[PDB]
Each structure stands twice: as structure tokens, then as C-alpha cells.
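Below, in C-alpha cells: the form deposited in one PDB entry, a single chain.
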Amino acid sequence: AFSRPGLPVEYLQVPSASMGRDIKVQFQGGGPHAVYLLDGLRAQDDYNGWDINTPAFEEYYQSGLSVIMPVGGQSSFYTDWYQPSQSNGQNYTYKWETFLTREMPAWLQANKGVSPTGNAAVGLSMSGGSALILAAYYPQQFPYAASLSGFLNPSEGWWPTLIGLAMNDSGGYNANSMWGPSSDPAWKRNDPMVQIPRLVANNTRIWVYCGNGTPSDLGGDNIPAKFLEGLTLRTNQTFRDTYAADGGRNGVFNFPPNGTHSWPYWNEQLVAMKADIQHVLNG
């Protein structure tokens, strides 16, 4: 990520009892509250996409916030799966919600002094919705959530099909093993649109970036770009309108015409929200 010399980035091995393996975590300490930077659909096992593609660590150096980049979890949606992914030979069950909400914060509190409460969850593409869902169900841990080009209504219309095809294109993962058939309650449970009343009741500070142009990680679905763009626009508009109609009053919604679904503009948003996170989490 082309950091300037002299920056204290660490790589940690954090045991996950629920997944029966160690999870690598890239870490920069800087204060008791942290920004959890979640990865996209094609998350690798060596480095988090934020560190591969952006200067996130340097941008948040001496911000008064710690930065946590978990590594791994391709196509996981940072959720707890029903079962090991059926077809690609996965030999354990993804339990990334358990890891992010229980196992990892316990480790970081005991060893780093990072507070398990009062943090920000920031996700993009696959994990944009994850960040909102984490805030919806764990508001003490995440009073702040940002979704950058997230799937804001994964249980509706075209989205279960498109997500299923995207997960197969990203490591051959099976959405059915994750949340069941699209009729299963897990799809609505993990749908940010459906959980808007929780975000409102929690008074979650939400930062929602809506990009333009060709969506990301949908490259293998054999569908015209403009159709995907139309679906995305409609779903994003519905999310914003529903948040307002349901009494939401703690949101930032960003829809710049030249914004794209890409690391450069996801970084642009991460930088733009820094003062916002600082004021909300640290006064």
C-alpha cells in the first residue's frame, strides 16, 4: 500500500474457536476505539484489500483511532453460515459474525486495550451491507457504520440470484450454504433494508455511499452493465427513502455523479468520513 517509512503496522494471528483456525488480522494501534475495515467479495488470505489497494493505514495514522483489517473470508459476507459451503470443498463453517463480535474484540481488548464498544464498521461491496447489519444487531459495539457500494436489499428481487452467481464466481462459494434458499429467514435477517427499523431505534450513525457506473464483483453474471446499474440505483434510492420514512435522522448519503464502484472512490469516501468518525466516536 506504499506507506511512508516509519509506520507501525502489525500482522496478528487471532485464534477463532468457532472456525477452528487462526485468523490473520492487520492492525494499526492509535486509540481505544477502532475502525473495522471489512474487505470485498474476493478477499484474499494474505492481505486485506484495503491494504492491497489503498493508503488507508497512513490516512488514519495518528487519527486517534485504531484500524483493524481482518484477513480472509472470501465471499463470506462476514456472516455466520448455516454450513460449510457445498460444492467447493470448504471443510469448516464460516462464523465471521461470531469472530468479529466476540472472538476478535476479546483478543484485542486483552492484548491491545482496544475497547469492544464504541467502534466503527466500514465495509465495501460484499461487506457494505455487513457493516450495517453488524451495527443493527450489535449497536454497543458499532454506533457507527459505513456501507460503500453495499448490497442494501440482498433478500429482494434480483439480488439473491446475483449474489449467488457472484459468490460462485468468487471461489465457488454457495449462497444456499450461507443463508439457505432465498425463502429462508436468514436472508431478511441480514438485509439492511429490512433492518432499517433497528438502525433507527439504535440511532446508528450511518454513512452510505452509492456509486455510479458498472457495479463491482458482478463481472460474471452475463448481464448487461446498464441493467445492473439500474437495479443498483433503484435499490439504493429505496434504501435512502425508506430510512427517512422510518424516522432515520443520523445518516449521510453520498451519490456523486462521477463516483465509481472502485477502490479509488472507496478510499475517497474513507478519507471523507474520517472527521465524521472522529467526532462521533471520540467527541
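Just so we're on the same page, rigid core means the largest C-alpha set that superposes within 1.5 Å between forms. Numbers for residues come from their place in the sequence shown, where the first is 1. Only residues modelled in both forms are compared.
> If you look at the other compared entries where the surrounding residues are built, does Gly247 lack coordinates in a third or more?
Counting only entries that model residues on both sides, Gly247 is resolved in every one of them.
> Check whether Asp217 goes without coordinates in at least a third of the other compared PDB entries of this protein that model residues on both sides of it.
Looking at the other entries that model residues on either side of it, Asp217 is missing from at least a third.
> Higher average CA B factor in the deposited record is what I'm after, so tell me if that's 80 to 88 or 202 to 210.
Mean CA B-factor is higher for 80 to 88.
> Do the C-alpha atoms of 105 to 113 or of 124 to 132 have the higher average B factor in the entry?
Comparing 124 to 132 with 105 to 113, the higher average CA B-factor belongs to 105 to 113.
> Quiz for you: based on the deposited Cα B-factor, which of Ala245, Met69, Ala56, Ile52 is highest?
Checking the PDB record, the top C-alpha B-factor among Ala245, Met69, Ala56, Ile52 is at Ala245.
> Highest Cα B-factor in the deposition, which of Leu41, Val35, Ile223, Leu38?
Among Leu41, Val35, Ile223, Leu38, the highest C-alpha B-factor in the entry belongs to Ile223.
> Going by the recorded CA B-factors, say which third of the chain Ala17 sits in, lowest, middle or highest.
Highest third - that is where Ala17 ends up once the chain's C-alpha B-factors are sorted.
> Using only modelled residues of the chain, where does the Cα B factor of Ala272 rank: lowest third, middle third or highest third?
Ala272: CA B-factor falls in the lowest third of its chain.
> Would you mind ranking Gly118 by its C-alpha B-factor against the rest of the chain and naming the third, lowest, middle or highest?
Within its chain, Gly118 is a middle-third residue by C-alpha B-factor, going by the deposited values.
> Comparing against every modelled residue in the chain, figure out the third that the C-alpha B-factor of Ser182 lands in (lowest, middle or highest).
Answer is highest: the recorded C-alpha B-factor places it there.
> With respect to C-alpha B-factor, does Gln26 fall in the lowest, middle or highest third of the chain as deposited?
Tercile = lowest for this residue's CA B-factor.
The same protein has a further form, the form deposited in another entry, not shown here; the description that follows concerns it.
> After core superposition, I'd like to know whether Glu229 moves between this form and the one not shown (criterion: C-alpha shift of 2 angstroms or more).
Moves: yes, 2 Å or greater.
> Please say whether, between this form and the one not shown, the C-alpha of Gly219 moves by 2 Å or more once the core is aligned.
Yes.
> Please check whether, in the other form, the CA atoms of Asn174 and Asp221 lie closer or farther apart than here, given a change of 3 Å or more.
It is farther: the C-alpha separation of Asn174 and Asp221 rises by at least 3 Å in the other form.
> Please say whether the CA atoms of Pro215 and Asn88 come closer or move farther apart in the other form, knowing the change relative to this form is 3 Å or more.
Farther apart, by at least 3 Å.
> Give the residue ranges, in sequence order, where three or more consecutive C-alphas each shift by 2 Å or more between this form and the one not shown after rigid core alignment.
The run that moves is 214 to 234, and no other.
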